[PDB]
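Quick notes on the structure that follows.
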Amino acid sequence: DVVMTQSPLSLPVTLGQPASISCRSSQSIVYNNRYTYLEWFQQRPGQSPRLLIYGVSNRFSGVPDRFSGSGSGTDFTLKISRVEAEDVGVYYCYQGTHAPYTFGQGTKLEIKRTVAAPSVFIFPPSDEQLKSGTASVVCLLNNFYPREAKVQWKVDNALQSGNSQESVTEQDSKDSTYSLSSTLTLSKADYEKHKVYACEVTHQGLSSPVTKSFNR
Amino acid sequence: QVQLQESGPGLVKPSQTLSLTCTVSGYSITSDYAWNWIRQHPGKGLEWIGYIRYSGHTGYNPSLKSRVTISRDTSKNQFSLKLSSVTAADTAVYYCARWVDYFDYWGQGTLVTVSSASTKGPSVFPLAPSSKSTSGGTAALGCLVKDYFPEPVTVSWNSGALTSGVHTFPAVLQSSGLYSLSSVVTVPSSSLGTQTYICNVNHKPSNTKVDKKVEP
């Protein structure tokens, strides 16, 4: 089949700067020298893909004019003149010329921005969840950059491991920050056994690690 | 003014036949164009499945041809995909789309999980604003949505009224094979008691709809 290859796979871009994505097909995808069926789509998290460019160079109506596409033959390219926050997502090329029609593997556009420290919150388990036998304790890290954070749980000053899992949002389409939750899950049984429940966040935006905690 | 919408089962058991239907609004399947099915392996790229023309003719991706048929019901302006003898490799988000020389209009997509397990509605626990979130300017609160299968779950706040500051995290798998997620929101500390906050959770495969109100 025809193999569309994109490059780079992930593309860091300072907001307001340009960006370019290369898509290269393994064979020619020109139809008859008359026309070339190549599209560029943008896919935002949890959304269907959105058409950006058709026939290599034509911008689809509605698309901001800071998007452009070009190329010819086996080498094509998508360009954003000035990147804006909502541009964050994944971008695919597509060849409609030779069946089976195929997509690229996608290029993830990551927005670079200034370091931003997280606002940290800790949540003790609901009375309701407790009666039903389990205990989930939630540590929230809100609106921070970069993605890399280190959340360590300490129960009565004892470091946990293997009983918590993190989840992270995608870059916010407005401020380009992340949010993270770490949930510590314990049996109601193992929960009463201790009193101090601590969440200790280590991040670039913090000079010293921040700890939010409670007792019971 | 064109709208496409996919409908189908969110859950299908291995070796059964997967059946999806697309309902087109604002344009007639019979007029012109080719009507397509595309899927997206979770966390991965896109695969073209096949199309049905305005004429009823069809063409398929050879990788799936021996297991699929596409067909239409002109009197309902619907066209459908059927994927036979499914496995776990067929777990994907499935997209409906129109091809006018390019994919212009897409449907929203439905996730299809291929599993032997049974549907399981979620437990909903409040995330309680404790006194340190309170003493500062702003305070955090949310809903824990635990132990459900399959994906997806739908969370909103105050029936759509609250949107700003809302982070709904990606569902994480538990060692129990069941999904769990949190949805949280940032609100001005002063409005507690004054303003009531309810999270509206909807899990369709179990026909579950909870509306938990969060207070401290």
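Starting from 1 in every chain, residues are counted up; chains themselves are A, B, ... following the order of the structure tokens, and ligands are numbered from 1 as listed.
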
Chain B contacts to chain A at 8 Å (only C-alpha atoms) as a PyMOL selection string
chain B and resi 44-48+60-62+95+101-104+106-109+125-130+133+140+167-172+182

Requested write-out: N, CA, C and O atoms of the selected residues, as a short mmCIF file (atom, residue, chain, number, x, y, z; two decimals), in the first residue's frame:
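Saved to result.cif:
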data_model
loop_
_atom_site.label_atom_id
_atom_site.label_comp_id
_atom_site.auth_asym_id
_atom_site.auth_seq_id
_atom_site.Cartn_x
_atom_site.Cartn_y
_atom_site.Cartn_z
N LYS B 44 -4.09 5.68 18.92
CA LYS B 44 -3.37 5.41 17.69
C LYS B 44 -3.93 6.15 16.49
O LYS B 44 -4.71 7.08 16.63
N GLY B 45 -3.52 5.72 15.31
CA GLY B 45 -3.85 6.41 14.09
C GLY B 45 -5.13 5.93 13.45
O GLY B 45 -5.83 5.09 13.99
N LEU B 46 -5.41 6.46 12.27
CA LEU B 46 -6.67 6.24 11.60
C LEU B 46 -6.56 5.23 10.49
O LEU B 46 -5.56 5.16 9.81
N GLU B 47 -7.62 4.46 10.30
CA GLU B 47 -7.66 3.45 9.27
C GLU B 47 -8.90 3.65 8.45
O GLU B 47 -9.96 3.84 9.00
N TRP B 48 -8.77 3.63 7.14
CA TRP B 48 -9.93 3.79 6.28
C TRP B 48 -10.55 2.43 6.09
O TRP B 48 -9.85 1.47 5.83
N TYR B 60 -13.71 -1.28 -0.43
CA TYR B 60 -13.27 -1.60 0.92
C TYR B 60 -11.77 -1.66 1.07
O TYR B 60 -11.06 -1.87 0.10
N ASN B 61 -11.29 -1.50 2.29
CA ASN B 61 -9.88 -1.67 2.58
C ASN B 61 -9.61 -3.16 2.67
O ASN B 61 -10.25 -3.86 3.44
N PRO B 62 -8.67 -3.66 1.87
CA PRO B 62 -8.42 -5.10 1.77
C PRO B 62 -8.09 -5.74 3.10
O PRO B 62 -8.30 -6.93 3.27
N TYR B 95 -15.75 6.28 13.00
CA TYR B 95 -16.18 7.57 12.47
C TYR B 95 -16.94 7.45 11.18
O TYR B 95 -16.55 6.74 10.27
N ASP B 101 -14.36 14.57 -2.47
CA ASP B 101 -13.03 14.67 -3.09
C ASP B 101 -12.09 14.76 -1.91
O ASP B 101 -10.88 14.67 -2.06
N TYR B 102 -12.68 14.94 -0.74
CA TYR B 102 -11.98 14.99 0.52
C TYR B 102 -12.98 14.82 1.66
O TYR B 102 -14.17 15.00 1.45
N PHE B 103 -12.54 14.48 2.87
CA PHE B 103 -13.48 14.33 3.98
C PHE B 103 -13.83 15.68 4.56
O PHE B 103 -13.05 16.24 5.29
N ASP B 104 -15.01 16.20 4.27
CA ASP B 104 -15.36 17.50 4.80
C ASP B 104 -16.14 17.43 6.10
O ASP B 104 -15.78 18.07 7.07
N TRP B 106 -17.64 15.21 9.27
CA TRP B 106 -17.49 14.01 10.07
C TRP B 106 -18.57 13.91 11.12
O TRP B 106 -19.15 14.90 11.52
N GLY B 107 -18.79 12.68 11.57
CA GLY B 107 -19.62 12.44 12.72
C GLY B 107 -18.77 12.58 13.96
O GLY B 107 -17.58 12.81 13.88
N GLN B 108 -19.40 12.44 15.12
CA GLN B 108 -18.71 12.66 16.37
C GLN B 108 -17.91 11.44 16.82
O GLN B 108 -17.02 11.54 17.65
N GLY B 109 -18.23 10.29 16.26
CA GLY B 109 -17.58 9.05 16.62
C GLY B 109 -18.24 8.31 17.76
O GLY B 109 -18.68 8.93 18.72
N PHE B 125 -18.72 9.34 43.90
CA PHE B 125 -18.41 9.88 45.20
C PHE B 125 -17.97 11.32 45.10
O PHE B 125 -17.28 11.69 44.18
N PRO B 126 -18.39 12.15 46.06
CA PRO B 126 -18.03 13.56 46.03
C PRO B 126 -16.61 13.78 46.47
O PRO B 126 -16.09 13.05 47.30
N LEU B 127 -15.97 14.80 45.91
CA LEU B 127 -14.65 15.19 46.36
C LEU B 127 -14.81 16.43 47.20
O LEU B 127 -15.19 17.47 46.70
N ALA B 128 -14.52 16.30 48.48
CA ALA B 128 -14.93 17.29 49.46
C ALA B 128 -13.89 18.37 49.69
O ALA B 128 -12.74 18.07 50.00
N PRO B 129 -14.31 19.63 49.56
CA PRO B 129 -13.49 20.82 49.82
C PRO B 129 -13.10 20.94 51.29
O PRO B 129 -13.95 21.25 52.12
N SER B 130 -11.83 20.71 51.61
CA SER B 130 -11.40 20.77 52.99
C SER B 130 -10.79 22.13 53.32
O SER B 130 -10.42 22.89 52.43
N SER B 133 -8.25 24.36 51.29
CA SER B 133 -8.71 24.87 50.01
C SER B 133 -9.54 26.11 50.28
O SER B 133 -9.62 27.02 49.45
N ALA B 140 -11.24 23.96 45.60
CA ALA B 140 -11.41 22.92 44.60
C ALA B 140 -12.41 21.89 45.06
O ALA B 140 -12.45 21.55 46.23
N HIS B 167 -11.92 20.38 34.93
CA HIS B 167 -11.05 19.36 34.40
C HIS B 167 -11.62 17.98 34.63
O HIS B 167 -11.79 17.56 35.76
N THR B 168 -11.92 17.28 33.56
CA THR B 168 -12.35 15.91 33.63
C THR B 168 -11.22 15.05 33.10
O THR B 168 -10.84 15.16 31.96
N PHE B 169 -10.68 14.20 33.96
CA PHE B 169 -9.47 13.50 33.63
C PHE B 169 -9.75 12.31 32.76
O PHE B 169 -10.87 11.87 32.65
N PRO B 170 -8.72 11.83 32.08
CA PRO B 170 -8.83 10.59 31.33
C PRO B 170 -9.00 9.41 32.25
O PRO B 170 -8.35 9.33 33.28
N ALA B 171 -9.90 8.51 31.89
CA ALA B 171 -10.18 7.35 32.70
C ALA B 171 -8.96 6.49 32.80
O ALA B 171 -8.22 6.35 31.84
N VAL B 172 -8.75 5.91 33.96
CA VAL B 172 -7.62 5.03 34.17
C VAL B 172 -8.16 3.65 34.51
O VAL B 172 -9.23 3.51 35.08
N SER B 182 -11.82 11.02 37.61
CA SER B 182 -12.23 12.13 38.43
C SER B 182 -12.56 13.35 37.58
O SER B 182 -11.96 13.56 36.54
#

Would you list the contacts of residue 73 (chain B) as a list in words, taking every protein, DNA or RNA residue within 12 Å and counting only C-alpha atoms, but skipping same-chain residues closer than 2 positions in sequence?
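In the requested format, the answer is residues 21, 22, 23, 24, 28, 29, 30, 52, 54, 56, 70, 71, 75, 76, 77, 78, 79, 80 and 81 of chain B.
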
Give me every strand (DSSP E or B) residue in region 3-76 of chain B, going by DSSP on the backbone, as a ChimeraX atom specification.
/B:3-7,11-12,18-25,34-40,46-52,58-60,68-73

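Residues lying within 12 Å of residue 33 (chain A), counting only C-alpha atoms and ignoring same-chain neighbours fewer than 5 positions away, are residues 28, 72, 73 and 97 of chain A.
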
Pick out the residues sitting within 6 Å of residue 11 (chain B), and hand them over as number ranges by chain; count only C-alpha atoms, and ignore anything fewer than 6 positions along from it in its own chain.
B: 112-114

Taking C-alpha atoms for each residue, export the selection above as a PDB file, in the first residue's frame.
ATOM      1  CA  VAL B 112     -16.721   0.310  20.443  1.00  0.00           C
ATOM      2  CA  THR B 113     -15.271  -2.043  23.006  1.00  0.00           C
ATOM      3  CA  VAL B 114     -15.000  -5.706  22.181  1.00  0.00           C
TER       4      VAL B 114
END

Hey, what does DSSP flag as helix (DSSP H, G or I) within chain A? Can you give it to me as an mmCIF file with N, CA, C and O atoms, in the first residue's frame?
data_model
loop_
_atom_site.group_PDB
_atom_site.id
_atom_site.type_symbol
_atom_site.label_atom_id
_atom_site.label_comp_id
_atom_site.auth_asym_id
_atom_site.auth_seq_id
_atom_site.Cartn_x
_atom_site.Cartn_y
_atom_site.Cartn_z
ATOM 1 N N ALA A 85 -2.761 29.030 20.955
ATOM 2 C CA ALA A 85 -2.972 28.006 21.970
ATOM 3 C C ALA A 85 -3.912 26.910 21.524
ATOM 4 O O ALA A 85 -3.672 25.754 21.788
ATOM 5 N N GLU A 86 -4.974 27.261 20.828
ATOM 6 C CA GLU A 86 -5.945 26.257 20.442
ATOM 7 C C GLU A 86 -5.461 25.378 19.306
ATOM 8 O O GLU A 86 -6.185 24.518 18.840
ATOM 9 N N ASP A 87 -4.231 25.582 18.864
ATOM 10 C CA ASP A 87 -3.716 24.827 17.732
ATOM 11 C C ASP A 87 -3.235 23.478 18.167
ATOM 12 O O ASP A 87 -2.837 22.663 17.346
ATOM 13 N N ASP A 127 -17.532 9.720 52.952
ATOM 14 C CA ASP A 127 -18.058 8.804 53.935
ATOM 15 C C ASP A 127 -18.699 7.656 53.191
ATOM 16 O O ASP A 127 -18.494 6.498 53.530
ATOM 17 N N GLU A 128 -19.419 7.987 52.129
ATOM 18 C CA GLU A 128 -20.099 6.987 51.329
ATOM 19 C C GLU A 128 -19.164 5.896 50.841
ATOM 20 O O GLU A 128 -19.443 4.723 51.009
ATOM 21 N N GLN A 129 -18.050 6.279 50.239
ATOM 22 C CA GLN A 129 -17.134 5.293 49.685
ATOM 23 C C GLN A 129 -16.571 4.408 50.777
ATOM 24 O O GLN A 129 -16.227 3.255 50.550
ATOM 25 N N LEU A 130 -16.474 4.967 51.970
ATOM 26 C CA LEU A 130 -15.902 4.248 53.090
ATOM 27 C C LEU A 130 -16.798 3.110 53.539
ATOM 28 O O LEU A 130 -16.326 2.016 53.854
ATOM 29 N N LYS A 131 -18.095 3.376 53.572
ATOM 30 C CA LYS A 131 -19.031 2.370 54.012
ATOM 31 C C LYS A 131 -18.984 1.202 53.044
ATOM 32 O O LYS A 131 -19.128 0.057 53.446
ATOM 33 N N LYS A 188 -10.753 -0.095 53.177
ATOM 34 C CA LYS A 188 -11.139 0.611 54.389
ATOM 35 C C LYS A 188 -10.340 0.052 55.546
ATOM 36 O O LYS A 188 -9.958 0.765 56.455
ATOM 37 N N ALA A 189 -10.050 -1.238 55.466
ATOM 38 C CA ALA A 189 -9.241 -1.917 56.460
ATOM 39 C C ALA A 189 -7.882 -1.257 56.632
ATOM 40 O O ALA A 189 -7.537 -0.827 57.721
ATOM 41 N N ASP A 190 -7.112 -1.163 55.557
ATOM 42 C CA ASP A 190 -5.763 -0.621 55.665
ATOM 43 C C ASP A 190 -5.763 0.881 55.886
ATOM 44 O O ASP A 190 -4.732 1.474 56.181
ATOM 45 N N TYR A 191 -6.931 1.491 55.757
ATOM 46 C CA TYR A 191 -7.034 2.933 55.850
ATOM 47 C C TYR A 191 -7.078 3.403 57.293
ATOM 48 O O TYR A 191 -6.379 4.346 57.662
ATOM 49 N N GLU A 192 -7.893 2.747 58.111
ATOM 50 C CA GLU A 192 -8.000 3.117 59.517
ATOM 51 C C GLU A 192 -6.670 2.960 60.227
ATOM 52 O O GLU A 192 -6.388 3.656 61.196
#

Using CA of residue 25 (chain B) and CA of residue 63 (chain A) as the two end points, give the distance in Å to one decimal.
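Answer for the CA of residue 25 (chain B) to CA of residue 63 (chain A) separation: 22.7 Å.
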
Shell around region 208-216 of chain B at 12 Å using only C-alpha atoms, local window under 2 positions removed, as a ChimeraX atom specification:
/A:123-124,126-128 /B:119-131,133-134,139-145,148-149,152-159,183-185,189,191-206

Compare B:58, B:16, B:84, B:3 by their minimum atom-to-atom distance to residue 35 (chain B), counting only C-alpha atoms, and give me the closest one.
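Among B:58, B:16, B:84, B:3, it is B:58 that comes nearest to residue 35 (chain B).
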
To one decimal in Å, tell me the separation between CA of residue 55 (chain B) and CA of residue 96 (chain B).
17.9 Å

Which value, in Å to one decimal, gives the distance between CA of residue 188 (chain B) and CA of residue 200 (chain A)?
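CA of residue 200 (chain A) lies at a distance of 24.4 Å from CA of residue 188 (chain B).
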
Fewer than 5 positions away in the same chain doesn't count, so skip those; otherwise give me all residues within 8 Å of residue 42 (chain B), counting only C-alpha atoms, as a PyMOL selection string.
chain B and resi 91-93

Quick one: everything within 7 Å of region 148-156 of chain A, counting only C-alpha atoms, minus sequence neighbours fewer than 5 positions away in the same chain. Send it as a count of residues only.
10
